[PDB]
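Working notes, structure below.
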Amino acid sequence: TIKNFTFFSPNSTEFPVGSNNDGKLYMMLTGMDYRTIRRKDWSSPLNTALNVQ
Amino acid sequence: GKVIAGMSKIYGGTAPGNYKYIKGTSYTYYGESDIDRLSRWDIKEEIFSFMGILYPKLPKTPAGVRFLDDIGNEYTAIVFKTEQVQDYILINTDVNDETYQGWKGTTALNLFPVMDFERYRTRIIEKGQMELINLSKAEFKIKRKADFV
């Protein structure tokens with residue numbers, strides 16, 4: 001069986017895209033496994049006593 | 001204090017102003033310029049624990065209260081040196097559940113390791129006055145013991 005996601009749904013019900021399907025898609029596009037991340041600090045985290053914000 | 005002619009130190013009446021040295025009434029100063037700077041947090045009886053909400057001004061500068069005795073010397077001080085400006089420091093001196101947490105927004109931070117251990121000599125506050133170190137505003141709740149009531 002083949003499951004299609006990036007295709008148009010004639011009756012808006014044929015190919016719904018689940019969060020895990022997009023998860024796999026994104027992992028494949030960026031070349032990441034479950035043992036790494038993609039991370040970006042848009043603004044610097046702030047350290048206050050024994051805490052990181 | 002109010003300004004009174006002959007009683008206060010002013011050069012008034014006929015030019016070029018005159019202030020008279022009398023016996024008893026003489027000249028008494030009216031007040032002080034910017035008397036709004038003077039604020040005393042008075043401690044009249046010995047207190048045991050307290051729940052203060054400290055509002056700090058400058059970051060990285062030791063912020064917290066210190067206690068003065070009757071001669072203007074320091075015995076104890078709860079002072080913390082934070083990296084960023086906490087919106088308010090919550091301090092509780094209760095023996096059973098001591099709390100020293102720096103709140104910023106909705107986040108609660110433990111301030112125990114950042115505290116000055118040498119300055120904080122005793123929990124028992126004596127007769128004198130409290131001074132605010134690097135604080136914009138302060139809100140205190142004092143609990144004081146009575147053996148029989």
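Every chain in the structure tokens has a letter given in the order shown (A, B, ...), and although residue numbers restart at 1 in each chain, ligands are simply numbered from 1 in the order shown.
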
- [ ] Compute the chain B side of the contact with chain A at 9 Å, counting only C-alpha atoms, and hand it back as a ChimeraX atom specification.
- [x] /B:81-86,102,104,107-114

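Using only C-alpha atoms, the residues found no farther than 12 Å from residue 25 in chain B, other than those of its own chain fewer than 2 positions away, are residues 4, 5, 6, 7, 8, 9, 19, 20, 21, 22, 23, 27, 28 and 29 of chain B.
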
Just-selected residues, N, CA, C and O atoms written as a PDB file, in the first residue's frame:
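Just written: part.pdb:
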ATOM      1  N   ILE B   4       8.080  80.213  60.668  1.00  0.00           N
ATOM      2  CA  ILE B   4       7.518  81.228  61.559  1.00  0.00           C
ATOM      3  C   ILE B   4       8.496  82.404  61.679  1.00  0.00           C
ATOM      4  O   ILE B   4       9.698  82.187  61.848  1.00  0.00           O
ATOM      5  N   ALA B   5       7.969  83.644  61.626  1.00  0.00           N
ATOM      6  CA  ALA B   5       8.747  84.875  61.716  1.00  0.00           C
ATOM      7  C   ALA B   5       9.306  85.093  63.121  1.00  0.00           C
ATOM      8  O   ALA B   5       8.558  85.084  64.104  1.00  0.00           O
ATOM      9  N   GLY B   6      10.628  85.235  63.196  1.00  0.00           N
ATOM     10  CA  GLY B   6      11.357  85.412  64.448  1.00  0.00           C
ATOM     11  C   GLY B   6      11.842  84.111  65.057  1.00  0.00           C
ATOM     12  O   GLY B   6      12.871  84.094  65.736  1.00  0.00           O
ATOM     13  N   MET B   7      11.098  83.021  64.830  1.00  0.00           N
ATOM     14  CA  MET B   7      11.415  81.695  65.356  1.00  0.00           C
ATOM     15  C   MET B   7      12.325  80.898  64.429  1.00  0.00           C
ATOM     16  O   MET B   7      13.141  80.116  64.917  1.00  0.00           O
ATOM     17  N   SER B   8      12.164  81.070  63.108  1.00  0.00           N
ATOM     18  CA  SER B   8      12.923  80.325  62.109  1.00  0.00           C
ATOM     19  C   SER B   8      14.140  81.067  61.598  1.00  0.00           C
ATOM     20  O   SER B   8      14.218  82.288  61.722  1.00  0.00           O
ATOM     21  N   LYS B   9      15.085  80.330  60.979  1.00  0.00           N
ATOM     22  CA  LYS B   9      16.253  80.977  60.392  1.00  0.00           C
ATOM     23  C   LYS B   9      15.913  81.455  58.980  1.00  0.00           C
ATOM     24  O   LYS B   9      15.894  80.665  58.034  1.00  0.00           O
ATOM     25  N   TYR B  19      17.489  88.254  61.395  1.00  0.00           N
ATOM     26  CA  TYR B  19      17.175  87.124  62.284  1.00  0.00           C
ATOM     27  C   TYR B  19      17.775  87.392  63.661  1.00  0.00           C
ATOM     28  O   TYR B  19      18.955  87.713  63.754  1.00  0.00           O
ATOM     29  N   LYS B  20      16.956  87.319  64.718  1.00  0.00           N
ATOM     30  CA  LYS B  20      17.401  87.657  66.072  1.00  0.00           C
ATOM     31  C   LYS B  20      17.722  86.468  66.974  1.00  0.00           C
ATOM     32  O   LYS B  20      16.940  85.520  67.059  1.00  0.00           O
ATOM     33  N   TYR B  21      18.835  86.572  67.729  1.00  0.00           N
ATOM     34  CA  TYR B  21      19.228  85.582  68.729  1.00  0.00           C
ATOM     35  C   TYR B  21      18.472  85.930  70.003  1.00  0.00           C
ATOM     36  O   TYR B  21      18.724  86.974  70.615  1.00  0.00           O
ATOM     37  N   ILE B  22      17.501  85.096  70.361  1.00  0.00           N
ATOM     38  CA  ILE B  22      16.700  85.290  71.569  1.00  0.00           C
ATOM     39  C   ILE B  22      17.101  84.192  72.580  1.00  0.00           C
ATOM     40  O   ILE B  22      17.974  83.381  72.273  1.00  0.00           O
ATOM     41  N   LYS B  23      16.515  84.194  73.784  1.00  0.00           N
ATOM     42  CA  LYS B  23      16.812  83.208  74.806  1.00  0.00           C
ATOM     43  C   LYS B  23      15.659  82.208  74.872  1.00  0.00           C
ATOM     44  O   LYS B  23      14.615  82.488  75.470  1.00  0.00           O
ATOM     45  N   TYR B  27      16.601  80.995  67.100  1.00  0.00           N
ATOM     46  CA  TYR B  27      16.383  80.523  65.742  1.00  0.00           C
ATOM     47  C   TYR B  27      16.415  79.015  65.671  1.00  0.00           C
ATOM     48  O   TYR B  27      17.358  78.398  66.150  1.00  0.00           O
ATOM     49  N   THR B  28      15.342  78.424  65.149  1.00  0.00           N
ATOM     50  CA  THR B  28      15.200  76.980  64.977  1.00  0.00           C
ATOM     51  C   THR B  28      14.976  76.749  63.490  1.00  0.00           C
ATOM     52  O   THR B  28      14.071  77.351  62.907  1.00  0.00           O
ATOM     53  N   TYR B  29      15.777  75.880  62.876  1.00  0.00           N
ATOM     54  CA  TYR B  29      15.674  75.546  61.451  1.00  0.00           C
ATOM     55  C   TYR B  29      14.288  74.969  61.100  1.00  0.00           C
ATOM     56  O   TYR B  29      13.757  74.161  61.862  1.00  0.00           O
TER      57      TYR B  29
END

Open item on the list: I need the residues in chain A that are alpha helix (DSSP H) according to DSSP; give them as a PyMOL selection string.
Closed with: chain A and resi 19-30

Open item on the list: At a cut-off of 8 Å, using only C-alpha atoms, what residues contact residue 48 in chain B? Leave out same-chain residues fewer than 5 positions from it and give the result as a PyMOL selection string.
Closed with: chain B and resi 93+123-125+143-145

TODO: Choose the residue, out of B:131, B:97, B:26, B:140, that has the smallest atom-to-atom separation from residue 38 in chain B; count only C-alpha atoms.
DONE: B:131

Report as a PDB file with N, CA, C and O atoms, in the first residue's frame all protein, DNA and RNA residues lying within 6 Å of range 16-25 of chain A, evaluated on only C-alpha atoms, omitting residues in the same chain fewer than 2 positions from it.
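So the final result, stored in result_15.pdb, reads:
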ATOM      1  N   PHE A   5       0.595  12.059   0.356  1.00  0.00           N
ATOM      2  CA  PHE A   5       0.355  13.233   1.191  1.00  0.00           C
ATOM      3  C   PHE A   5       0.416  14.544   0.452  1.00  0.00           C
ATOM      4  O   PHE A   5      -0.477  15.388   0.587  1.00  0.00           O
ATOM      5  N   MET A  27      12.334  15.731   8.539  1.00  0.00           N
ATOM      6  CA  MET A  27      13.565  15.030   8.902  1.00  0.00           C
ATOM      7  C   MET A  27      14.356  14.671   7.650  1.00  0.00           C
ATOM      8  O   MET A  27      15.570  14.857   7.614  1.00  0.00           O
ATOM      9  N   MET A  28      13.655  14.207   6.609  1.00  0.00           N
ATOM     10  CA  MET A  28      14.272  13.815   5.350  1.00  0.00           C
ATOM     11  C   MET A  28      14.808  14.996   4.554  1.00  0.00           C
ATOM     12  O   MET A  28      15.878  14.880   3.958  1.00  0.00           O
TER      13      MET A  28
END

Open item on the list: Could you check the closest approach to residue 117 in chain B for each of B:80, B:148, B:103, B:11 and tell me which residue wins, using only C-alpha atoms?
Closed with: B:80

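The space between CA of residue 55 in chain B and CA of residue 78 in chain B spans 13.7 Å.
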
Task: d(CA of residue 90 in chain B, CA of residue 75 in chain B) in Å - done: 21.1 Å

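Residue nearest residue 56 in chain B, chosen from B:88, B:95, B:105, B:2 and counting only C-alpha atoms: B:88.
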